[PDB]
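Colleague: Following this message is one structure expressed as structure tokens.
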Amino acid sequence: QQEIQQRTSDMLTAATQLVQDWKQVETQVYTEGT
Amino acid sequence: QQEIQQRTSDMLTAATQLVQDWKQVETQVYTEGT
Amino acid sequence: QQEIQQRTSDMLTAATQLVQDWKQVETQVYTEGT
Amino acid sequence: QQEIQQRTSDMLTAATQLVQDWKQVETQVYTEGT
Amino acid sequence: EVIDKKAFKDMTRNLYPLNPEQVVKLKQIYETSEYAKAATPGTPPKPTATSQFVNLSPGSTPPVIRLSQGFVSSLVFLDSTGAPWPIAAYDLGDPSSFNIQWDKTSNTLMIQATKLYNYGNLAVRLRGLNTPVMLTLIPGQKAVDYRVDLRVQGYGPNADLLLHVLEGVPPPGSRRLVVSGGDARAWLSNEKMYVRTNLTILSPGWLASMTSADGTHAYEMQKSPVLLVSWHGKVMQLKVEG
Amino acid sequence: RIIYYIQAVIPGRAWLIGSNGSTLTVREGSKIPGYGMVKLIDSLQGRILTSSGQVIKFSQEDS
Amino acid sequence: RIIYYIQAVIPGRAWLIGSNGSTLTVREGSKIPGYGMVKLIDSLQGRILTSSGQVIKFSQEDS
């Protein structure tokens with residue numbers, strides 16, 4: 001019964017990790033040549 | 001019965017080691033000659 | 001009976017020593033002459 | 001009976017000394033003349 | 001006196017807890033473990049070289065480049081004639097997933113994929129062009145593009161087979177014939193035979209011929225079922241089937 | 001007639017090349033000339049299902 | 001006729017060379033000229049099974 005809550009804690013850490021991984025978008029890089 | 005949990009600890013260390021070994025990808029090296 | 005575990009400890013040290021000895025591979029050396 | 005273990009300790013020190021004496025191999029020396 | 005030997009045996013067992021055969025089996029375990037760790041899942045990608053034509057029409061689709069993680073792919077840019085076209089600039093989206101090496105004047109890019117399945121895009125501006133060329137880059141397929149040759153529509157700042165047969169490379173599209181009685185090879189390409197040998201052909205007469213520095217000859221000829229040859233002063237005949 | 005081969009595939013899209021060298025990109029509901037209507041794009045195993053019953057794959061020596 | 005030899009093998013692929021000097025690479029399901037259809041690639045012991053019953057190996061003085 002209590003297994004729902006232990007599962008909630010490992011799952012909470014994994015889902016927070018997943019959403020913070022989905023947040024980042026990085027700027028493109030332009031290279032000039034001469 | 002308790003053997004599942006001792007096995008969980010040696011196995012946990014080995015699997016963490018395996019996944020951290022699978023994480024690293026290193027940058028390529030370009031050599032210029034004259 | 002307990003001899004299995006004392007044997008496990010001397011054996012553990014020797015096997016760890018053996019595997020760490022098998023890990024190292026060193027870079028080659030090139031000598032230039034003039 | 002206990003003499004096996006006292007003998008094990010003096011013998012252990014002597015055999016460790018012997019094997020560490022057998023380990024060392026030193027680099028050769030080249031002498032240049034002019 | 002047996003006290004000394006018994007102490008010597010427990011002594012030996014304390015000093016070297018592992019047998020030699022145990023050392024051999026542990027080494028075998030270690031190498032098998034390394035092989036299982038180093039093995040690749042599924043099938044590895046197929047190594048391919050490709051060549052595409054890039055269309056700058058407002059209806060066409062941008063070209064696709066297949067990559068792989070940790071491997072190097074070379075992109076070389078050529079014009080409509082096929083001469084190299086040096087690169088003026090580039091613009092890479094998502095640099096945490098891809099790595100680009102480039103000397104600042106040439107026409108060759110070196111791309112390494114950093115992630116497994118993350119895909120992106122790139123913009124390349126050439127020296128003479130006003131139109132930039134845009135490419136898309138996807139890793140992780142069943143084939144990996146080792147090198148792509150790109151034909152561009154405009155014009156850049158820059159605008160035989162007997163050599164390959166002498167070298168031993170068969171002409172493309174040919175089929176083999178069987179030659180007996182001597183050291184020669186033959187192919188049929190365009191209802192013409194091509195012969196690579198170190199004999200001297202005397203009778204049927206050739207159209208073009210080349211020789212290497214050590215004496216191998218390559219001949220281009222029309223098809224015929226007989227050759228008359230003399231090896232260092234001796235005349236004999238060759239028969240060609242197929 | 002014309003034969004189409006898979007050049008690349010992700011979930012959702014598929015890039016195909018023909019024997020004439022023309023390149024196309026398709027999604028789940030799209031028109032393909034000479035094959036019909038696309039019914040399912042399977043990104044794993046490299047198979048494309050078509051309304052005429054045909055399966056679009058990679059070239060065999062180029063895959 | 002033509003004889004093929006194993007140049008390299010990993011799980012999944014195998015690189016082969018022929019007596020004419022041509023080099024090929026194959027996976028589990030692939031076509032080989034003069035031998036038939038590949039049935040099993042065994043990365044250990046250097047053996048390739050073929051639909052005609054033949055086994056592809058290394059050259060004996062070059063292995």
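We name chains A, B, ... following the order of the structure tokens; residues begin at 1 in each chain, and ligands are numbered from 1 as shown.
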List as a PyMOL selection string the protein and nucleic acid residues near region 23-25 of chain B, meaning an atom at most 9 Å away when only C-alpha atoms are counted, but skip any in the same chain fewer than 6 places from it.
Modeller: chain E and resi 69-70+114-115
Colleague: Could you save the residues just selected, with N, CA, C and O atoms, as an mmCIF file, in the first residue's frame?
Modeller:
```
data_model
loop_
_atom_site.group_PDB
_atom_site.id
_atom_site.type_symbol
_atom_site.label_atom_id
_atom_site.label_comp_id
_atom_site.auth_asym_id
_atom_site.auth_seq_id
_atom_site.Cartn_x
_atom_site.Cartn_y
_atom_site.Cartn_z
ATOM 1 N N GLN E 69 27.698 8.123 -33.901
ATOM 2 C CA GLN E 69 28.281 8.733 -32.717
ATOM 3 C C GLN E 69 29.748 8.357 -32.576
ATOM 4 O O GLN E 69 30.092 7.171 -32.541
ATOM 5 N N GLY E 70 30.611 9.365 -32.506
ATOM 6 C CA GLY E 70 32.030 9.152 -32.341
ATOM 7 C C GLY E 70 32.798 8.941 -33.623
ATOM 8 O O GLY E 70 34.031 8.870 -33.584
ATOM 9 N N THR E 114 27.970 13.555 -31.478
ATOM 10 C CA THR E 114 28.196 13.428 -30.047
ATOM 11 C C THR E 114 27.088 12.645 -29.366
ATOM 12 O O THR E 114 27.351 11.862 -28.449
ATOM 13 N N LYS E 115 25.855 12.825 -29.807
ATOM 14 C CA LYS E 115 24.738 12.122 -29.211
ATOM 15 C C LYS E 115 24.260 11.028 -30.155
ATOM 16 O O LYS E 115 24.685 10.938 -31.309
#
```
Colleague: Within 12 Å of residue 6 (chain E), counting only C-alpha atoms, which residues qualify if same-chain residues fewer than 3 places away don't, as a ChimeraX atom specification?
Modeller: /D:1-8,11 /E:1-3,9-13
Colleague: Create the file for the chosen residues now, containing N, CA and C atoms and written as a compact mmCIF listing (two decimals), in the first residue's frame.
Modeller:
```
# COMPACT_ATOMS: atom_id res chain seq x y z
N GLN D 1 52.52 -27.11 18.21
CA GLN D 1 51.39 -27.05 17.30
C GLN D 1 51.41 -25.58 16.84
N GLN D 2 51.53 -24.69 17.83
CA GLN D 2 51.57 -23.23 17.69
C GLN D 2 52.88 -22.77 17.03
N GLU D 3 53.86 -23.67 17.02
CA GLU D 3 55.12 -23.45 16.35
C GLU D 3 54.97 -23.26 14.85
N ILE D 4 53.92 -23.83 14.24
CA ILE D 4 53.67 -23.62 12.82
C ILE D 4 53.39 -22.14 12.56
N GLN D 5 52.57 -21.52 13.40
CA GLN D 5 52.30 -20.10 13.25
C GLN D 5 53.47 -19.18 13.62
N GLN D 6 54.32 -19.51 14.63
CA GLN D 6 55.46 -18.58 14.87
C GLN D 6 56.38 -18.64 13.66
N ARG D 7 56.59 -19.87 13.17
CA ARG D 7 57.38 -20.14 11.99
C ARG D 7 56.79 -19.46 10.78
N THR D 8 55.47 -19.37 10.72
CA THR D 8 54.83 -18.66 9.62
C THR D 8 55.21 -17.18 9.66
N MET D 11 59.11 -16.75 8.69
CA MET D 11 59.10 -17.16 7.29
C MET D 11 58.38 -16.17 6.39
N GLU E 1 61.30 -31.67 12.49
CA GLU E 1 61.54 -31.32 11.10
C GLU E 1 60.30 -31.23 10.22
N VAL E 2 59.24 -32.00 10.49
CA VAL E 2 57.98 -31.83 9.76
C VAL E 2 57.28 -30.53 10.12
N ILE E 3 57.61 -29.96 11.28
CA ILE E 3 57.10 -28.65 11.68
C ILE E 3 57.54 -27.59 10.68
N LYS E 9 54.48 -25.01 3.92
CA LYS E 9 53.26 -25.11 3.11
C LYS E 9 52.16 -24.10 3.45
N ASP E 10 51.88 -23.81 4.74
CA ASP E 10 50.87 -22.78 5.03
C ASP E 10 51.41 -21.43 4.67
N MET E 11 52.71 -21.33 4.74
CA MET E 11 53.41 -20.16 4.33
C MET E 11 53.32 -19.86 2.87
N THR E 12 53.43 -20.90 2.07
CA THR E 12 53.29 -20.77 0.64
C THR E 12 51.86 -20.44 0.26
N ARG E 13 50.90 -21.06 0.97
CA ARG E 13 49.49 -20.80 0.72
C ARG E 13 49.06 -19.42 1.17
```
Colleague: Going by DSSP on the backbone, which bits of chain A are alpha helix (DSSP H)? Write them as a list in words, please.
Modeller: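 Alpha helix (DSSP H) assignments inside chain A correspond to residues 3, 4, 5, 6, 7, 8, 9, 10, 11, 12, 13, 14, 15, 16, 17, 18, 19, 20, 21, 22 and 23 of chain A.
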Colleague: Output the selection as a CSV table (one decimal), in the first residue's frame - N, CA, C and O atoms for each residue.
Modeller:
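Contents of again02.csv, freshly written:
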```csv
chain,number,residue,atom,x,y,z
A,3,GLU,N,4.0,1.1,-0.9
A,3,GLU,CA,4.7,1.0,-2.1
A,3,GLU,C,4.4,2.1,-3.1
A,3,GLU,O,5.3,2.5,-3.9
A,4,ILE,N,3.2,2.6,-3.0
A,4,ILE,CA,2.8,3.7,-3.9
A,4,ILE,C,3.6,5.0,-3.6
A,4,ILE,O,4.2,5.6,-4.5
A,5,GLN,N,3.8,5.3,-2.3
A,5,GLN,CA,4.6,6.4,-1.9
A,5,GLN,C,6.1,6.2,-2.1
A,5,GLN,O,6.8,7.2,-2.5
A,6,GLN,N,6.7,4.9,-1.9
A,6,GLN,CA,8.1,4.8,-2.2
A,6,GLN,C,8.4,5.1,-3.7
A,6,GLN,O,9.3,5.8,-4.1
A,7,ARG,N,7.5,4.5,-4.5
A,7,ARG,CA,7.5,4.6,-5.9
A,7,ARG,C,7.3,6.0,-6.3
A,7,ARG,O,7.9,6.5,-7.2
A,8,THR,N,6.5,6.8,-5.6
A,8,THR,CA,6.3,8.2,-5.8
A,8,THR,C,7.6,8.9,-5.7
A,8,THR,O,8.0,9.8,-6.5
A,9,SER,N,8.4,8.6,-4.6
A,9,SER,CA,9.7,9.3,-4.5
A,9,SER,C,10.8,9.0,-5.6
A,9,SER,O,11.4,9.9,-6.1
A,10,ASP,N,11.0,7.7,-6.0
A,10,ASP,CA,12.0,7.5,-7.1
A,10,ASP,C,11.5,8.0,-8.4
A,10,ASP,O,12.2,8.6,-9.2
A,11,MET,N,10.2,7.9,-8.6
A,11,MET,CA,9.5,8.4,-9.8
A,11,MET,C,9.5,10.0,-9.8
A,11,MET,O,9.7,10.6,-10.9
A,12,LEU,N,9.4,10.6,-8.6
A,12,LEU,CA,9.5,12.1,-8.6
A,12,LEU,C,10.8,12.6,-9.0
A,12,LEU,O,10.9,13.5,-9.9
A,13,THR,N,11.9,11.9,-8.5
A,13,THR,CA,13.2,12.3,-8.9
A,13,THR,C,13.5,12.1,-10.4
A,13,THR,O,14.0,13.0,-11.1
A,14,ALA,N,13.0,10.9,-10.9
A,14,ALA,CA,13.2,10.7,-12.4
A,14,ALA,C,12.4,11.6,-13.3
A,14,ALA,O,13.0,12.1,-14.3
A,15,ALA,N,11.2,12.0,-12.9
A,15,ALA,CA,10.4,12.9,-13.7
A,15,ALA,C,10.9,14.3,-13.7
A,15,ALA,O,10.9,15.0,-14.7
A,16,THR,N,11.4,14.7,-12.5
A,16,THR,CA,12.0,16.1,-12.4
A,16,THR,C,13.3,16.1,-13.2
A,16,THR,O,13.5,17.1,-13.9
A,17,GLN,N,14.0,15.0,-13.2
A,17,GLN,CA,15.2,15.0,-14.1
A,17,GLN,C,14.9,15.0,-15.6
A,17,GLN,O,15.5,15.8,-16.3
A,18,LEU,N,13.8,14.3,-15.9
A,18,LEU,CA,13.4,14.3,-17.3
A,18,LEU,C,12.9,15.7,-17.8
A,18,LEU,O,13.3,16.1,-18.9
A,19,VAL,N,12.1,16.4,-17.0
A,19,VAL,CA,11.6,17.7,-17.4
A,19,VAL,C,12.7,18.7,-17.5
A,19,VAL,O,12.7,19.6,-18.4
A,20,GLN,N,13.6,18.7,-16.5
A,20,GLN,CA,14.7,19.7,-16.6
A,20,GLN,C,15.6,19.3,-17.8
A,20,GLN,O,16.3,20.2,-18.3
A,21,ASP,N,15.7,18.1,-18.2
A,21,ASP,CA,16.5,17.8,-19.4
A,21,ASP,C,15.7,18.2,-20.6
A,21,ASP,O,16.3,18.4,-21.7
A,22,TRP,N,14.4,18.2,-20.6
A,22,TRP,CA,13.7,18.7,-21.7
A,22,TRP,C,13.7,20.3,-21.8
A,22,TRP,O,13.3,20.8,-22.9
A,23,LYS,N,14.1,21.0,-20.7
A,23,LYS,CA,14.0,22.5,-20.8
A,23,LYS,C,15.1,23.2,-21.6
A,23,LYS,O,14.7,24.2,-22.2
```
Colleague: In Å to one decimal, how far is CA of residue 32 (chain G) from CA of residue 17 (chain F)?
Modeller: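 That distance, rounded to one decimal, is 24.4 Å.
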Colleague: For chain B, which of E:27, E:192, E:125, E:104 is the closest residue, counting only C-alpha atoms?
Modeller: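 With only C-alpha atoms as the atom set, the closest residue is E:104.
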Colleague: Find the nearest atom pair between each residue of chain B and chain E for residues within 8 Å, count only C-alpha atoms, give distances in Å to one decimal, sort rows by chain and ascending number, and present the table as a Markdown table.
Modeller:
```
| residue | atom | partner | partner_atom | distance |
| --- | --- | --- | --- | --- |
| B:25 | CA | E:114 | CA | 6.4 |
| B:26 | CA | E:70 | CA | 7.7 |
| B:27 | CA | E:99 | CA | 7.3 |
| B:28 | CA | E:112 | CA | 7.3 |
| B:30 | CA | E:101 | CA | 7.1 |
```
Colleague: If we count only C-alpha atoms, what is near residue 106 (chain E) at a cut-off of 10 Å, once residues fewer than 5 positions away on the same chain are taken out, given as a short mmCIF file (atom, residue, chain, number, x, y, z; two decimals) with C-alpha atoms, in the first residue's frame?
Modeller:
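For reference, around.cif as written:
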```
data_model
loop_
_atom_site.label_atom_id
_atom_site.label_comp_id
_atom_site.auth_asym_id
_atom_site.auth_seq_id
_atom_site.Cartn_x
_atom_site.Cartn_y
_atom_site.Cartn_z
CA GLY A 33 36.15 32.59 -42.76
CA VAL E 76 33.31 17.92 -49.73
CA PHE E 77 31.69 20.56 -51.93
CA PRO E 84 36.13 21.97 -55.54
CA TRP E 85 34.28 24.94 -54.10
CA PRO E 86 35.86 26.60 -51.03
CA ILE E 87 33.65 27.47 -48.09
CA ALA E 88 33.04 31.08 -47.01
#
```
Colleague: Between E:169, E:75, E:23, E:162, which is the closest to residue 22 (chain G) once you count only C-alpha atoms?
Modeller: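 Ranking E:169, E:75, E:23, E:162 by distance to residue 22 (chain G), first place goes to E:169.
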Colleague: With only C-alpha atoms as the basis for distance, which of F:44, F:38, F:30, F:49 is at the shortest distance from chain E?
Modeller: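 Using only C-alpha atoms, the shortest distance to chain E belongs to F:44.
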Colleague: Hey, can you check how far CA of residue 9 (chain F) sits from CA of residue 25 (chain G)?
Modeller: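 Between CA of residue 9 (chain F) and CA of residue 25 (chain G) the gap works out to 22.6 Å.
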Colleague: Specify as a list in words all residues of chain G found within 10 Å of chain F, counting only C-alpha atoms.
Modeller: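 Taking only C-alpha atoms into account, residues 24, 25, 26, 27, 29, 30 and 31 of chain G sit within 10 Å of chain F.
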Colleague: Within chain F, find each residue whose DSSP state, derived from the backbone, is strand (DSSP E or B), and express the selection as a PyMOL selection string.
Modeller: chain F and resi 4-9+14-18+23-26+31-32+36-42+47-50+55-56
Colleague: Write the residues of the preceding selection, restricted to N, CA and C atoms, as a CSV table (one decimal), in the first residue's frame.
Modeller:
```csv
chain,number,residue,atom,x,y,z
F,4,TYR,N,11.4,2.8,-55.0
F,4,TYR,CA,11.7,3.8,-53.9
F,4,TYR,C,12.4,3.1,-52.8
F,5,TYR,N,13.4,3.7,-52.2
F,5,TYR,CA,14.2,3.2,-51.1
F,5,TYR,C,14.3,4.2,-50.0
F,6,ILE,N,14.4,3.7,-48.8
F,6,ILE,CA,14.5,4.5,-47.6
F,6,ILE,C,15.9,5.0,-47.5
F,7,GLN,N,16.0,6.3,-47.4
F,7,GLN,CA,17.3,7.0,-47.1
F,7,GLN,C,17.4,7.3,-45.7
F,8,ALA,N,16.4,7.8,-45.0
F,8,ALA,CA,16.3,8.1,-43.6
F,8,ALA,C,14.9,7.9,-43.1
F,9,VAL,N,14.8,7.6,-41.8
F,9,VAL,CA,13.5,7.5,-41.1
F,9,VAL,C,13.7,7.9,-39.7
F,14,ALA,N,9.8,10.1,-43.1
F,14,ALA,CA,10.7,9.2,-43.8
F,14,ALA,C,11.2,9.9,-45.0
F,15,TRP,N,12.5,9.9,-45.3
F,15,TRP,CA,13.1,10.4,-46.5
F,15,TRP,C,13.4,9.3,-47.4
F,16,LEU,N,12.9,9.4,-48.6
F,16,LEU,CA,13.0,8.3,-49.6
F,16,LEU,C,13.7,8.8,-50.8
F,17,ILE,N,14.4,8.0,-51.5
F,17,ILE,CA,15.1,8.2,-52.8
F,17,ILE,C,14.6,7.2,-53.8
F,18,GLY,N,14.4,7.7,-55.1
F,18,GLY,CA,14.0,6.8,-56.2
F,18,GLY,C,15.2,6.4,-57.0
F,23,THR,N,14.5,12.8,-54.6
F,23,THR,CA,14.3,12.6,-53.2
F,23,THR,C,13.0,13.2,-52.7
F,24,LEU,N,12.3,12.5,-51.8
F,24,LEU,CA,11.1,13.0,-51.3
F,24,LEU,C,11.1,12.8,-49.8
F,25,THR,N,10.2,13.5,-49.1
F,25,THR,CA,10.0,13.2,-47.6
F,25,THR,C,8.5,13.1,-47.4
F,26,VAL,N,8.1,12.1,-46.5
F,26,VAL,CA,6.7,11.8,-46.3
F,26,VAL,C,6.5,11.7,-44.8
F,31,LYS,N,0.9,11.3,-50.1
F,31,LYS,CA,0.7,10.7,-51.4
F,31,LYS,C,2.1,10.3,-51.9
F,32,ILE,N,2.1,9.0,-52.4
F,32,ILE,CA,3.3,8.5,-53.1
F,32,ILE,C,2.9,8.0,-54.5
F,36,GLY,N,0.5,4.4,-54.0
F,36,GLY,CA,-0.8,4.7,-53.3
F,36,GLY,C,-0.9,5.6,-52.1
F,37,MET,N,-1.4,5.1,-51.0
F,37,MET,CA,-1.6,6.0,-49.9
F,37,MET,C,-0.7,5.3,-48.8
F,38,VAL,N,0.0,6.1,-48.0
F,38,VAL,CA,0.8,5.5,-46.8
F,38,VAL,C,-0.1,5.1,-45.7
F,39,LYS,N,0.0,3.9,-45.2
F,39,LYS,CA,-0.8,3.5,-44.1
F,39,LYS,C,-0.1,3.5,-42.7
F,40,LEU,N,1.1,3.1,-42.7
F,40,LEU,CA,1.9,3.1,-41.4
F,40,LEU,C,3.4,3.3,-41.7
F,41,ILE,N,4.0,4.1,-40.9
F,41,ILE,CA,5.4,4.4,-40.9
F,41,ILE,C,6.0,3.7,-39.6
F,42,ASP,N,6.8,2.7,-39.8
F,42,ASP,CA,7.4,2.0,-38.6
F,42,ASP,C,8.9,2.4,-38.6
F,47,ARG,N,10.6,-0.3,-42.2
F,47,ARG,CA,9.5,-0.8,-43.0
F,47,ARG,C,8.5,0.3,-43.2
F,48,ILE,N,8.0,0.5,-44.4
F,48,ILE,CA,6.9,1.5,-44.6
F,48,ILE,C,5.8,0.7,-45.3
F,49,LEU,N,4.6,0.8,-44.7
F,49,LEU,CA,3.4,0.1,-45.3
F,49,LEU,C,2.7,1.0,-46.2
F,50,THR,N,2.2,0.5,-47.3
F,50,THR,CA,1.5,1.2,-48.4
F,50,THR,C,0.1,0.7,-48.6
F,55,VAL,N,5.7,-2.8,-49.2
F,55,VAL,CA,6.6,-2.4,-48.1
F,55,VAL,C,7.8,-1.7,-48.7
F,56,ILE,N,8.1,-0.5,-48.2
F,56,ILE,CA,9.2,0.2,-48.7
F,56,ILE,C,10.4,0.0,-47.7
```
